[PDB]
Visitor: 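Below are the structure tokens for one structure; questions will follow.
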Amino acid sequence: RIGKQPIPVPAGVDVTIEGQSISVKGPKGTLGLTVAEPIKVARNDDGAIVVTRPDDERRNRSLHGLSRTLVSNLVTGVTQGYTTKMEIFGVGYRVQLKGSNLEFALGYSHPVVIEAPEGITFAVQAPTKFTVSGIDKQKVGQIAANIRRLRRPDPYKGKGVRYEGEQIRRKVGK
Amino acid sequence: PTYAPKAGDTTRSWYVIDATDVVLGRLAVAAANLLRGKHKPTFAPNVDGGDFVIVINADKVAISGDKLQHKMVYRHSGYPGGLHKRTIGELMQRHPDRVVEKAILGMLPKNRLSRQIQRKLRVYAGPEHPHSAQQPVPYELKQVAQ
Amino acid sequence: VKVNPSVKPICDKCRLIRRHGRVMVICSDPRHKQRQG
Amino acid sequence: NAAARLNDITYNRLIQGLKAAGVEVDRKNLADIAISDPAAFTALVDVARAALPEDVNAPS
Amino acid sequence: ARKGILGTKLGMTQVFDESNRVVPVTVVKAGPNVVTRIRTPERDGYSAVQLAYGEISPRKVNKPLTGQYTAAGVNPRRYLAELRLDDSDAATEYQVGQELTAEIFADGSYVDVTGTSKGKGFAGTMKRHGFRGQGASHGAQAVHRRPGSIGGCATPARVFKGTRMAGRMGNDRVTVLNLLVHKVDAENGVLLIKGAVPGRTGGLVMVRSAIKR
RNA sequence: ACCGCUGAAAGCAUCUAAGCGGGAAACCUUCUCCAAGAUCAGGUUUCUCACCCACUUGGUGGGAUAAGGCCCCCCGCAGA
RNA sequence: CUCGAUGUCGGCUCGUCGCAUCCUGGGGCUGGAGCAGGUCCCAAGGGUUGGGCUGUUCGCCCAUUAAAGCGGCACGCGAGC
Ligand SMILES: [Mg+2]
Ligand SMILES: [Mg+2]
Ligand SMILES: [Mg+2]
Ligand SMILES: [Mg+2]
Ligand SMILES: [Mg+2]
Ligand SMILES: [Mg+2]
Ligand SMILES: [Mg+2]
Ligand SMILES: [Mg+2]
Ligand SMILES: [Mg+2]
Ligand SMILES: [Mg+2]
Ligand SMILES: [Mg+2]
Ligand SMILES: [Mg+2]
Ligand SMILES: [Mg+2]
Ligand SMILES: [Mg+2]
Ligand SMILES: [Mg+2]
Ligand SMILES: [Mg+2]
Ligand SMILES: [Mg+2]
Ligand SMILES: [Mg+2]
Ligand SMILES: [Mg+2]
Ligand SMILES: [Mg+2]
Ligand SMILES: [Zn+2]
């Protein structure tokens, strides 16, 4: 089902194809992506993105649904970016900024600092809540997963770092 | 009596083999046939006939991606537990002219005269070779149809 | 994980997948994790 | 085999075409024309190419 | 970024510091040096600096070695060694003809002193390698200091390479790491180096700056 | 080993099939030593940089030198 | 295979290798609160004590230790003792 479907363009001011290549620019910065060579890409009548394949192989059906939900993740984040909302639980655990960085107090004997890479923008909203923002979906979730593993999971007191809305497992202990 | 080549009759020439999209085992075979003079009708197995082979672009030879992870090169130093090992993937970063060379030398006969034949091989990593004083004619890999 | 040369799902929400050339059982319950070996 | 692959034929299809044309030269003298007279070796390869069948992989 | 000097071990004395502790030092005459050559990567493939040390009479130096000094404009010295730098920054602080005296090191700097160990001759295995030997009684017949076994049995039918046996001991390049400079003395050209330094009293010594600290 | 991110075949889900991460006293570099007999016998330099005879005139035999070294001599904390 | 000879247990000296890991290093699950543990997976770089009794190997015991691993090599090693 995925891949037999057109992808809209709100602005997309540089939708270009130069030897199986693609780019996208708009309210945010630019991105780049290379599609595997049995899959082609072109423009529909509305400027929409439709990808095709030589039919009925195991290796072409997998890359066809793959290379649709990456192009649609380029034209999304350039127009409407990605934010991951994260919550700090546990008593005495909080979060601050120091410039562009983000320092944690996770019960350790030293503060824990997270250097934000070239494109990931931090912003707290509360002392125990913050959001990780950026334009590339794969690059945002990589940095959010580095913050999630900053404590070993504690299912007895629930202390640690979580995504918002997710429910970790809990045991009873003593 | 059948022909036996006198000394002073083996003419030689210079060939350059671009290695850009050629597998390691085709290019070793075609270089080792060319070093020994199998292609010349004056072949005699005790006489070093055959030509000079230059192999440029050794870092672009075609190796399957699952061999660079897994195919190993073993060496031993004579000392106990001196079996040192590398992979092809961590020789193509350092010495891409040794991978194309080692494939050729195992295809030459294991005798004294192949120690004289392997002196006629130059293998280079980049697209530029210093032997422009000679005139190496380029050599494409043929296959005679049948 | 439990590493045994016979793996099969235990409860009704274990899933039996194949990643990296080996058969393993992933689940929400952590003590149902298995792989062949 | 070396003198046949310069006239773009194999040793395989050279012995076949010489037998199909009725040329009974032994391999001693056929490997001495290959050195001492390379222009008459080609005139033999052109006879072993004409008497060879039209599709060599077709069943006979 | 790695200072060095050539010098001569002059022996060991003892001295005291401000906390009234005794410090066994090795007096090294880090004498005056001169450059004579600069190795560059565009010419030589690496980056180093030569150093000349020692007073020699100009008749004891032969004509090939003499003309190597005439190109540099330096009177001929006895010794001549190199200081290996990293891949850059040689000809920014060394020139041909410069005078490197002993005060390129500070006090409380850590140095690496390399040299040539004293000769011990043809030595046995209880001295060259620390073998225990056999007993001195209880029936032991003429094997008091001998090695004992040297291999297996009919598998393998050989002695493995690198088997520790008797031979000649010493006269090796030995680098001693992270020795403490106690007092630099620019009046006499003398470094007081805390501890032991490889060599006999009079031998050549390269004092480089440490990297492990 | 194991924990992941993005994501299809399989509208969901999955660490993987395309692609990218974190990750051990093991492996490779870094530090110490040997090492161009590495016969692919390496590099940067300076010095001498020159004569005579015989013969079947040959990348030919001898003789005498230069730079430089060895032997002898006085010895060594270098050493069978 | 060796009878016109292939010297046997233990100990001493000197070793090298495997991993089926005793310690140290990285982990999953736990009927893991914490501290200590159990179990399984990865890992062979180094380290792995000295005594009493016994010809002993093995084993019990004493005092420690981060721990006092298990095996191959003619049950390694007598032209070495
Ligand atoms: Mg054979
Ligand atoms: Mg993996
Ligand atoms: Mg002595
Ligand atoms: Mg000692
Ligand atoms: Mg003793
Ligand atoms: Mg006796
Ligand atoms: Mg005695
Ligand atoms: Mg024996
Ligand atoms: Mg590391
Ligand atoms: Mg050296
Ligand atoms: Mg040389
Ligand atoms: Mg006998
Ligand atoms: Mg555990
Ligand atoms: Mg294991
Ligand atoms: Mg061990
Ligand atoms: Mg290591
Ligand atoms: Mg053992
Ligand atoms: Mg034993
Ligand atoms: Mg035995
Ligand atoms: Mg015995
Ligand atoms: Zn389950």
Side-chain angles (χ1 to χ4, degrees), chain A residues 1-3 5 33-36 39 57-70 73 136-146 148-149 154-157 171-174, chain B residues 80-81 84-86 90 115 118-119 121-122, chain C residues 1-4 15 17-20 26 30-33 35 37, chain E residues 37 39-40 43-46 62-71 112 114 118-119 121-122 125 129 131-135 138-144 146-156 159-160 163-165 168 170-177 200-203 211-212:
Chain A
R1 286 91 168 95
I2 294 172
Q5 195 272 331
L33 183 62
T34 300
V35 184
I39 300 297
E57 289 86 4
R58 192 269 310 272
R59 196 259 191 191
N60 287 321
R61 288 191 300 274
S62 67
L63 297 176
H64 190 265
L66 174 69
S67 63
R68 182 259 183 189
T69 60
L70 271 71
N73 287 325
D136 195 1
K137 190 195 283 186
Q138 192 270 329
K139 194 170 75 175
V140 169
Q142 183 64 48
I143 306 300
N146 288 318
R148 178 71 176 87
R149 64 172 64 246
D154 193 1
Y156 295 106
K157 298 295 289 184
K171 297 172 74 71
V172 290
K174 182 177 178 181
Chain B
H84 296 280
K85 62 182 178 292
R86 274 75 174 268
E90 67 188 0
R115 189 172 297 115
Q118 75 187 3
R119 291 181 174 94
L121 179 71
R122 269 75 177 172
Chain C
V1 291
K2 295 182 179 69
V3 179
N4 294 117
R15 294 291 183 268
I17 66 167
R18 181 179 175 89
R19 68 178 64 162
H20 294 98
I26 58 171
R31 73 176 72 190
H32 292 175
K33 292 203 270 80
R35 72 171 177 90
Chain E
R37 192 63 181 269
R39 306 290 187 185
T40 61
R43 186 186 294 273
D44 300 331
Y46 67 106
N62 53 2
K63 289 175 95 289
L65 184 63
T66 294
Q68 288 182 355
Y69 286 103
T70 302
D112 296 333
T114 185
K118 292 173 74 173
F122 191 89
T125 61
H129 298 295
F131 288 0
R132 293 181 180 92
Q134 277 75 7
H138 289 288
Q141 186 183 3
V143 291
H144 305 286
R146 282 173 65 188
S149 176
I150 58 168
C153 194
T155 300
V159 179
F160 289 107
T163 303
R164 293 163 76 199
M165 291 178 181
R168 276 164 62 111
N171 285 310
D172 291 331
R173 181 182 176 93
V174 172
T175 306
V176 178
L177 295 174
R200 64 176 173 89
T201 303
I211 44 178
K212 292 182 178 180

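Numbers restart at 1 for each chain; the letters A, B, ... are given by sequence-line order, proteins then strands.
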Visitor: Among G:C73, F:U44, F:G7, find the nucleotide with the atom closest to the side chain of E:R37.
Guide: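 Of all the options, the side chain of E:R37 is nearest to F:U44.
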Visitor: Between the main-chain N or O of A:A144 and the side-chain N or O of A:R148, is there a donor-acceptor pair closer than 3.5 Å?
Guide: no
Visitor: If I pick the P atom on G:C77 and the same atom on G:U2, what distance separates them, to the nearest angstrom?
Guide: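 About 22 Å, rounded to a whole number of Å.
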Visitor: By the 4.0 Å heavy-atom rule, please label A:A145 as base, sugar-phosphate, or nothing.
Guide: sugar-phosphate
Visitor: Is E:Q141 side chain donor-acceptor paired with the G:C81 base, going by distance under 3.5 Å alone?
Guide: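 Check fails, no donor-acceptor contact within cut-off.
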Visitor: Nearest to the side chain of C:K33, which nucleotide is it out of G:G80, G:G28, F:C77?
Guide: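 Of all the options, the side chain of C:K33 is nearest to G:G28.
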Visitor: According to the Watson-Crick and G-U wobble definitions, with both distances under 3.5 Å, which nucleotide is paired to G:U65?
Guide: none
Visitor: Of all the nucleotides listed (G:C17, F:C5, F:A80), which has the minimum atom distance to the side chain of B:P80?
Guide: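 The answer is G:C17.
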Visitor: Indicate, with a heavy-atom threshold strictly under 4.0 Å, whether A:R148 touches base, sugar-phosphate, or nothing.
Guide: nothing
Visitor: Using centres closer than 5.5 angstrom and planes tilted less than 30 degrees as the test, would you call G:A36 and G:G37 a stacked pair?
Guide: yes
Visitor: Among F:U44, F:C31, F:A18, which nucleotide sits nearest the side chain of A:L66?
Guide: F:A18
Visitor: Hey, does the side-chain of E:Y46 have a donor or acceptor N/O within less than 3.5 Å of a partner on the base of F:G43?
Guide: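 Donor-acceptor pair under 3.5 Å: no.
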Visitor: Where the side chain of E:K118 is defined as all heavy atoms beyond and including C-beta, which of F:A8, G:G76, F:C77 is the nearest nucleotide?
Guide: F:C77
Visitor: Nearest to the side chain of E:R132, which nucleotide is it out of G:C14, G:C29, F:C2?
Guide: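 Nearest to the side-chain atoms of E:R132, counting from C-beta on, is G:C14.
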Visitor: Tell me whether F:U32 and F:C33 stack, counting them as stacked only when the base ring centres are under 5.5 Å apart and the planes differ by under 30°.
Guide: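 Yes, F:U32 and F:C33 stack on each other.
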Visitor: Taking atom P of F:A78 as reference, at what distance in whole Å does atom CG of E:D172 sit?
Guide: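 Spelled out: CG on E:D172 to P on F:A78 is 13 Å.
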Visitor: Partners of A:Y156 by side-chain hydrogen bond (donor to acceptor under 3.5 Å, both in side chains), sequence neighbours excluded?
Guide: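 Partners of A:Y156 by the side-chain hydrogen bond (donor to acceptor under 3.5 Å, both in side chains) criterion come out as none, since no residue qualifies.
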Visitor: Taking the side chain of A:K171 as its heavy atoms from C-beta onward, which of F:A80, G:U30, G:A33 lies nearest to it?
Guide: G:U30
Visitor: To the nearest Å, how far apart are E:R164 CZ and G:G80 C1'?
Guide: 17 Å
Visitor: Answer with base, sugar-phosphate or nothing: what part of the nucleic acid does E:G45 contact at a heavy-atom distance below 4.0 Å?
Guide: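 No contact.
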Visitor: Within the 4.5 Å heavy-atom criterion, are E:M165 and E:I150 side-chain neighbours or not?
Guide: yes
Visitor: Let's test this: given Watson-Crick or G-U wobble pairing with both distances under 3.5 Å, identify the partner of F:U39.
Guide: none
Visitor: Starting at the 5' end of RNA chain F, which residue's closest nucleotide do you reach first, E:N171 or E:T66?
Guide: E:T66
Visitor: Report yes or no: is there a donor-acceptor pair, N or O only, under 3.5 Å between the side chain of E:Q68 and the base of F:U45?
Guide: yes
Visitor: Out of curiosity, C:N4 CG to C:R35 CZ, how far, rounded to the nearest 0.5 Å?
Guide: 10.0 Å
Visitor: Quick one: does E:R173 reach the base of F:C33 with a side-chain donor-acceptor pair under 3.5 Å?
Guide: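 Answer no: no donor N or O sits under 3.5 Å from an acceptor.
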Visitor: F:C20 and F:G4, Watson-Crick or G-U wobble pair at under 3.5 Å for both distances?
Guide: yes
Visitor: Which base sits across from G:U39 as a Watson-Crick or G-U pair, both distances under 3.5 Å?
Guide: G:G28
Visitor: When we call it a touch if two heavy atoms are under 4.0 Å apart, what does E:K63 touch: a base, just sugar-phosphate, or nothing?
Guide: sugar-phosphate
Visitor: For the pair made of CZ in E:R39 and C1' in F:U44, what is the distance, rounded to whole Å?
Guide: 5 Å
Visitor: Could you check whether the side chain of A:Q142 and the base of F:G4 have a donor-acceptor pair of N or O atoms closer than 3.5 Å, going by distance alone?
Guide: yes
Visitor: Hey, do G:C9 and G:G71 pair up, Watson-Crick or G-U wobble, with both distances short of 3.5 Å?
Guide: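 Donor-acceptor distances not both below 3.5 Å, so no.
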Visitor: Where the side chain of E:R168 is concerned, which of F:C31, F:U16, F:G79 is the nearest nucleotide?
Guide: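 Looking only at side-chain atoms, E:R168 lies closest to F:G79.
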Visitor: Looking across every strand, which nucleic acid part, if any, lies under 4.0 Å from E:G135 by heavy atom: base, sugar-phosphate, or nothing?
Guide: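 Here E:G135 touches no strand at all.
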Visitor: Checking contacts here: which listed nucleotide (F:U44, F:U46, F:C77) is nearest the side-chain heavy atoms of E:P64?
Guide: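 It is F:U46.
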